[PDB]
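**Student:** Protein chains in written order, with PDB author numbering: chain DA, 1 to 180; chain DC, 1 to 730; chain CK, 1 to 132; chain CV, 1 to 62.
Even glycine gets a Cβ: it sits at the ideal position worked out from N, Cα and C.
This is the structure I want to talk about, given as structure tokens.
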Amino acid sequence: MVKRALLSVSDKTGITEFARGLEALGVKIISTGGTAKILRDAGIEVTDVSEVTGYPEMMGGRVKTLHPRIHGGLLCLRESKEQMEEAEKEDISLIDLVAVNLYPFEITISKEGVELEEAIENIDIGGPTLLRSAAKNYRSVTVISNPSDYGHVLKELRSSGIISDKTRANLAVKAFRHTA
Amino acid sequence: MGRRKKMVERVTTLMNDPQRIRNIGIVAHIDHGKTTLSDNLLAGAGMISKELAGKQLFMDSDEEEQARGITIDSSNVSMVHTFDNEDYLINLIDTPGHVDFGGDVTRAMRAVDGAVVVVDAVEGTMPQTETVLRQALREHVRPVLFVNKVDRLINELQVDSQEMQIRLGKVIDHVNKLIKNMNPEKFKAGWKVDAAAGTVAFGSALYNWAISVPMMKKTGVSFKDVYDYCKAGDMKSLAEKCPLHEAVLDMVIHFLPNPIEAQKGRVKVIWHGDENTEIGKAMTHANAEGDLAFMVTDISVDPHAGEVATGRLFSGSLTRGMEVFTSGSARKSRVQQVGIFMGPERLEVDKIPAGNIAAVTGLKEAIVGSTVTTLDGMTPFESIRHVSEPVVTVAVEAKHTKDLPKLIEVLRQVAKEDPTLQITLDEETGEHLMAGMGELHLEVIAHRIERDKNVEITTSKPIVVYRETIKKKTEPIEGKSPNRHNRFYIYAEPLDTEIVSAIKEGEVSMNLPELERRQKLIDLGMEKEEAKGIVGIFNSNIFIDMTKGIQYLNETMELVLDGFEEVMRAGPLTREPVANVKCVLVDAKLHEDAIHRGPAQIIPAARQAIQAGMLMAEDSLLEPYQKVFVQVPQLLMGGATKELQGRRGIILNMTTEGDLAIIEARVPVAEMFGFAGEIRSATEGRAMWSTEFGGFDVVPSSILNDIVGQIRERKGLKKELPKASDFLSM
Amino acid sequence: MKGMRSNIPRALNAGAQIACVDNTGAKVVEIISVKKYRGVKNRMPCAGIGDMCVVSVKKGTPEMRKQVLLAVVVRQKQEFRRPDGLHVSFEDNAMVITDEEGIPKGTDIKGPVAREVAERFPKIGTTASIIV
Amino acid sequence: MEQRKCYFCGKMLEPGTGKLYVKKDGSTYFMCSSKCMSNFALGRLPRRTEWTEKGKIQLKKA
RNA sequence: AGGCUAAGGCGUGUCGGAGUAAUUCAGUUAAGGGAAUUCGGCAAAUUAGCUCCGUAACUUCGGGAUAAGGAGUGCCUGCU
RNA sequence: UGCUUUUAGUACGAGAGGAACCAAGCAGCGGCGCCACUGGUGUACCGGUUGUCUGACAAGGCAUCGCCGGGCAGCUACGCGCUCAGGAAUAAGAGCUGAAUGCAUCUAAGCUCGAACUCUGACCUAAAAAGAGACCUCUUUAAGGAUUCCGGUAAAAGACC
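Right under this line is the structure:
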């Protein structure tokens, strides 16, 4: 089913519960950066992204990773040769659930003149990739950009068992839209 | 049953044979013949198939000493000499006593039973010699005298036999006269040497010949006969008749102590923990069954077998496998392979009991200053620590424009070359701000550059790296986000020095179980509430979230701690890293959604607030000090002491050991400039000085504004004091 | 199998969820049945130190979970007597994944193993860091 | 014949009797009796328990 | 409330008894395992007061809620 | 009644694969007994402590043994000891001799082997075995038995020792 969870949600709302819920059904939580801490403190066991994509991470808070044949795993069809291939490789994981929202962009005019520098240097680059990747998976992998629908997902999983096409679809569409 | 294999078994027998061990060493002045003696000793007793050594400098098992002709640092080898029909394991402590060494000297000396003072037959007792001898003796390491290079006198300077022994006598004299001024109590316990007592040999390492009063008689070979062979090209005969290893190993065993005995007085002098304690009695009177004592003194990182830490098995049998600890860094690592040292290589053996330097792999808690133990919180021979960071930086430039590339790579290597600096390798200006640990260290490295690589470059005025510090407890300052939808009422106050120290110690971490960390802090001083409400530690700064029941703060956290770390990296005043600063968050008005809580809004507010607070709490600077140790003559103390006093020399000890006024003080790093020169200049060239990071200290308020202004200028800042007023804007 | 020197009470019966203490990716395995054990009416399958059980991986990696595997118990809290009259007990129960022959699927075993299993299956002993 | 000392009371384990207790970290403790085992498992320390040799040593330290 | 005591009311409704076996009504405790028992966790066990922190999906916006999940708690000395 | 070692990587087989007699240990279940060891219980006993009463201390009552910790004896298992056979006569079956039926034939007589079966044999019970037993000792107003007394290796009453 859905047994891995890469949740690097910029906005740290709902992740607490979501993560517990997951941990309960199983679903190894492979988050990093902010999320990691918050969860490994609330109690939810979380594994750091470090041991998945070949090389670790950097400047937590936005950057993190950006690995080709790891985003290509989740991407689309994690069970169809060519595509799936990028979710296995060398310890490379076949993560099936992703939720990474993007803190909205802002300019925040500083008292001493517009903080253009910082502004530009806080445009999430990592996020949009992971997101659009997972999103791409109208099939297999499920992406949940929006934080305000953790319920629906959890609900379905808990009850039904596996996620539903209908849902996967909406989720993806929404995620792409969000990156837009 | 190869000769080597039979020796190997012998090796093991001797290992579990502490009474038949001799952990000896070699102590001498530069270019006296250390490496020479060493390697030719190895080959002298033929422990290995001769050829093996020589060409591949064995004793020099590392890579630096391997091109010198005189020993430089530590490691060890082994000899097994047959004396009156009896073999004895002779560990050969490599000597890290070259003047270019401080703590290392001590470290090895605290693993050397005794040594061999090697005095050039011509140049005689030398400054270096004096230093090493006195040191070693201080740490209770009985030596013997092997006047090497007699060959020179005999031939080169065509001296006659009678004169030969007149000169050597005068040396013997000098030797003891010093020993006397070093420790009269030990000179009363008869450690002093004399060739008639077999504790002094005579020979030439480079020619492998060597004699000594006893052997002399035994064989019939007299000083005059020696002179005859030397003058008549019979040094080959000499060598054969009276081997070098022969005489040396005789001194090394017949008059030099074994683990057991050595350990006794050694523990009594060096160690300070109550000898009634088990560990104590264990390592005093030969016992390896007790608490593990394995002070790693070397890390032979075998490229094809991992980190192989080499320490003397003062206590602690080495049965295959053992989860243990260490001194200071007493964490929870194990102990896998424990090879002993045969020849210069690592012969893998099982259980090693007492006085037998062993190399252990799979040891995370194992470096210099760490005495690997199986009894947590092990008492200290000589207190040690582990922290050391760049405090004195210089702006290495490249005058010669046709050198930049070379420079770039040379300092790109300098990193591991000497892991004590942190060059800010840049392209914007080309000025590589090399951050060293000490003005002298800097000077040394810089010199090494245009010497071993020879880049036609220099270095500009060294500058001290300060820390920014607050003075009092502040009043809640509101940090407002641009959009005003977030307000962060926060205050700060000085960080408790105790907590400071322990955080720099590393034990207190943010990766620590609540209970664990909390407790430590709680007793250290941190009021329970705060200890329970901490959420981050940066160098010597903490952000104690002391608020309760604030919606969305749980998540929010990150952005605020970001601002926190930013401001802490460069304080609002002197733009220096903050240190000894603890913040307490008191209120967190937040907007409901995250739209109006995006990092671009949070980060500013926090930053703004913290900075404003710091400035309102009389921001000062911390100046590092640098514990001085001046190994100088007794007599010499007038100008010396007055000098340090004029340089704020807090004397913490003066050790006026007989004819030596070894003053131990503490002087501010910034004021250490020039001291190098003046000390010796005034003391007629008689001042072996050495220093070490004396800890940051609240800069004397005296001329704080002055120091501040200087920094401001140098780092090109504004002349209006960065008034908190503005930071805490509308 | 080869006889052990000690007398081992079969302490763990079917349904027990035991911590798995090797690096195979199985954290908790539930005992399903005991190999080479014939029971009697109403008696649950019983296993002590040195016994091989069929287990189901309840926690751990997704590859380990839901798999029917073979495991060997290496630690048990129920006290067992050595031939010389001394009674030995561990602080917890612990098992390691193996094959039919007794070879461990893992490479290192965290924690002490019993000398009985260390001798009955020599490869478990070599894989284990310390044998008590 | 291995001569063993009770970890709690410090008494010699008589042959054919007594227990060996092993913790997860490989630490081994000889117990002469169920009393000593129970007191060890309660978290009580021998140095604070007066009837044991470690308690007696702690008291005679004064 | 429950427990221990006043006042007041009572010992008022078959005895004795040597292991007083087995069995049975009602209880206490129980190694290791922990629902494998059973139609079914029936029965039993767990938790439990008060203070503080923290509290999800969903919602008819009232709630869910003591949700969940954490920390403290005795005595003595001196006090605000 | 199984597993493992050995036989044996042998016979067999081109290989792959792969036995049997004998021997040893262990294990599962069953049976019988036992309590040195280990575990449980242990309302004998010892301690800590909550609430309350006896004026306080001390010493005591009550609250499930108030609760909590420990525990000797005893009992107990989750602990411990012991628990092959051999022989006879047979079933299926394999043979010997052997005619009817010159030969042949395990069969019609006769004969030898042949099972976890049956019997015997190492266990328990058994003079109320109506054929109601054998032997020895003691003594015939005795031997000896019971009752009373102090008990427990025994015991529901009896009985038993």
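If you run the structure through DSSP and keep just helix, strand and coil, what is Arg714(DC)?
**Tutor:** The answer is helix: DSSP assigns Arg714(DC) an H, G or I state.
**Student:** Could you check if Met58(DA) is buried or exposed, using at least 16 other CB atoms within 10 Å of its CB as the buried criterion?
**Tutor:** Exposed, since its Cβ has fewer than 16 Cβ neighbours within 10 Å.
**Student:** Measure from the alpha carbon of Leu45(CV) to the alpha carbon of each residue in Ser33(CV), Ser34(CV) and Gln58(CV), then state which is nearest.
**Tutor:** Among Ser33(CV), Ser34(CV) and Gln58(CV), the Cα nearest to that of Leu45(CV) is on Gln58(CV).
**Student:** One question on the structure: do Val372(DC) and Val324(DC) come within less than 7 angstroms of each other, judged by their Cβ atoms?
**Tutor:** Yes, these two residues count as a Cβ contact at 7 angstroms.
**Student:** On the CB-based measure, 16 or more other CB atoms within 10 Å of its CB, does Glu123(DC) come out buried or exposed?
**Tutor:** Exposed is the call here.
**Student:** Strictly under 7 angstroms for the Cβ-Cβ distance: is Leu42(CV) near chain CK by that measure?
**Tutor:** With 7 angstroms as the cut-off, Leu42(CV) does not count as an interface residue toward chain CK.
**Student:** Does any residue of chain CK bring its CB to less than 7 angstroms from the CB of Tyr21(CV)?
**Tutor:** Cβ-Cβ to chain CK under 7 angstroms: yes for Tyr21(CV).
**Student:** Could you check the C-alpha separation between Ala670(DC) and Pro624(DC) for me, to the nearest Å?
**Tutor:** Spanning the two alpha carbons is a distance of roughly 8 angstroms.
**Student:** Does the region 357–371 of chain DC come close enough to the region 97–111 of chain DC to have 3 or more Cβ pairs within less than 8 angstroms?
**Tutor:** The region 357–371 of chain DC vs the region 97–111 of chain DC: in contact.
**Student:** Would you mind working out which of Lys55(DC), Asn76(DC), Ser681(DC) and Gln710(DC) sits nearest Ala309(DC), comparing C-alpha positions?
**Tutor:** Comparing Cα positions, the closest option is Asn76(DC).
**Student:** Within a Cβ cutoff of 7 angstroms, which residues of the same chain sit near residue 133(CK), ignoring the five residues on either side of it in sequence?
**Tutor:** The first residue shown for chain CK is 1 and the last is 132, placing residue 133(CK) beyond what the model contains.
**Student:** Closer than 9 angstroms by beta-carbon distance: list the chain CK residues that pair up with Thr52(CV), in chain order.
**Tutor:** Under the 9 angstroms cutoff, chain CK gives no residues; its nearest Cβ is about 20 angstroms from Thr52(CV).
**Student:** Can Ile457(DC) and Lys402(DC) be called in contact, C-beta distance under 7 angstroms?
**Tutor:** Going by C-beta atoms, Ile457(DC) is not nearer than 7 angstroms to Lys402(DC).
**Student:** Compile a chain-ordered list of the residues in the region 109–122 of chain DA whose CB is closer than 8 angstroms to at least one CB of chain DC.
**Tutor:** Listed by position, the residues of the region 109–122 of chain DA near chain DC (Cβ gap below 8 angstroms) are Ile109, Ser110, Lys111, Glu115, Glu118, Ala119 and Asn122.
**Student:** Using 7 angstroms as the threshold, is the C-beta distance between residue 760(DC) and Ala53(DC) below it?
**Tutor:** A query on residue 760(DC) cannot be resolved here, the shown segment of chain DC reaching from 1 to 730 and no further.
**Student:** I believe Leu7(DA) touches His71(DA) by the beta-carbon criterion, under 8 angstroms. Please report the beta-carbon distance rounded to the nearest angstrom.
**Tutor:** No, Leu7(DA) and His71(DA) are not in contact; Cβ-Cβ is about 15 angstroms, not under 8 angstroms.
**Student:** According to DSSP, is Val387(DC) part of a helix, a strand, or is it coil?
**Tutor:** Of the three classes helix, strand and coil, the one that applies to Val387(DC) here is coil, per DSSP.
**Student:** Near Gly50(CK), which residues of its chain fall below 7 angstroms by C-beta distance, leaving aside the five closest residues on each side in sequence?
**Tutor:** Contacts found: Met4, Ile8, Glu116, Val117 and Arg120.
**Student:** Are the region 67–84 of chain DA and the region 693–702 of chain DC touching, with three or more C-beta to C-beta distances below 8 angstroms?
**Tutor:** Result no; under three Cβ-Cβ pairs closer than 8 angstroms.
**Student:** Provide the residue(s) that pair with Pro633(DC) in DSSP beta bridges, ordered along the chain.
**Tutor:** For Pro633(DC), which the question treats as bridged, DSSP gives the partners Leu660(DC).
**Student:** Is the CB of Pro62(CK) under 7 angstroms away from at least one CB in chain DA?
**Tutor:** True, the Cβ-Cβ gap to chain DA drops below 7 angstroms.
**Student:** Determine whether the Cβ of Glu555(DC) lies closer than 7 angstroms to any Cβ atom of chain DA.
**Tutor:** At least one chain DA Cβ lies under 7 angstroms of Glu555(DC).
**Student:** Can you check whether the CB of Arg4(CV) is closer than 7 angstroms to the CB of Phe30(CV)?
**Tutor:** Their beta carbons are under 7 angstroms apart, which means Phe30(CV) touches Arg4(CV) by this criterion.
**Student:** On the CB-based measure, 16 or more other CB atoms within 10 Å of its CB, does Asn356(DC) come out buried or exposed?
**Tutor:** Result: buried.
**Student:** Given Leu75(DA), which residues of its chain have a CB within under 7 angstroms of its CB, disregarding the five upstream and five downstream residues?
**Tutor:** Correct list, in chain order: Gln83, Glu86, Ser133, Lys136 and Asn137.
**Student:** Within 10 Å of its beta-carbon, does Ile544(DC) have 16 or more other beta-carbons around it, so buried, or fewer, so exposed?
**Tutor:** When all chains shown are included, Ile544(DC) counts as buried.
**Student:** Figure out for me which residue from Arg714(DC), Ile662(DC), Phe488(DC) and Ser509(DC) has the closest Cα to the Cα of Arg607(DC).
**Tutor:** The option with the nearest alpha carbon to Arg607(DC) is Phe488(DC).
**Student:** Closest to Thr379(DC) by C-alpha separation, out of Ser161(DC), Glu275(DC) and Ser725(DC), would be which residue?
**Tutor:** Of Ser161(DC), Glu275(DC) and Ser725(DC), the residue nearest in Cα terms is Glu275(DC).
**Student:** In whole angstroms, what is the alpha-carbon distance linking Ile26(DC) and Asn454(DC)?
**Tutor:** Approximately 33 angstroms between the Cα atoms of the pair.
**Student:** Report yes if the CB atom of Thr129(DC) is closer than 7 angstroms to the CB atom of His285(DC), and no otherwise.
**Tutor:** Not a contact, by the Cβ cut-off of 7 angstroms.
**Student:** Can you name, in chain order, every residue of its own chain whose Cβ lies under 8 angstroms from the Cβ of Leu425(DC), other than the five neighbours on each side?
**Tutor:** Cβ neighbours of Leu425(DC) beyond the five flanking positions: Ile408, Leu411, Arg412 and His432.
**Student:** Could you give the DSSP three-state label for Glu115(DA): helix, strand or coil?
**Tutor:** If DSSP states are grouped into helix, strand and coil, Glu115(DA) belongs with coil.
**Student:** According to DSSP, simplified to helix, strand and coil, what is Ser222(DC)?
**Tutor:** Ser222(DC) falls in the coil class under three-state DSSP.
**Student:** Taking only the alpha-carbon atoms, compute the straight-line gap between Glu100(CK) and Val68(CK) and give it to the nearest angstrom.
**Tutor:** Taking the straight line from one Cα to the other gives about 12 angstroms.
**Student:** Which term fits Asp22(CK), buried or exposed, when burial requires 16 or more other beta carbons within 10 angstroms of its beta carbon?
**Tutor:** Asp22(CK) is buried by the Cβ-count criterion.
**Student:** Can you check which of these residues, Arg714(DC), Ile463(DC) and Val335(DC), is closest to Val394(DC) by C-alpha distance?
**Tutor:** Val394(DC) has its Cα closest to that of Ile463(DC), out of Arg714(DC), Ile463(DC) and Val335(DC).
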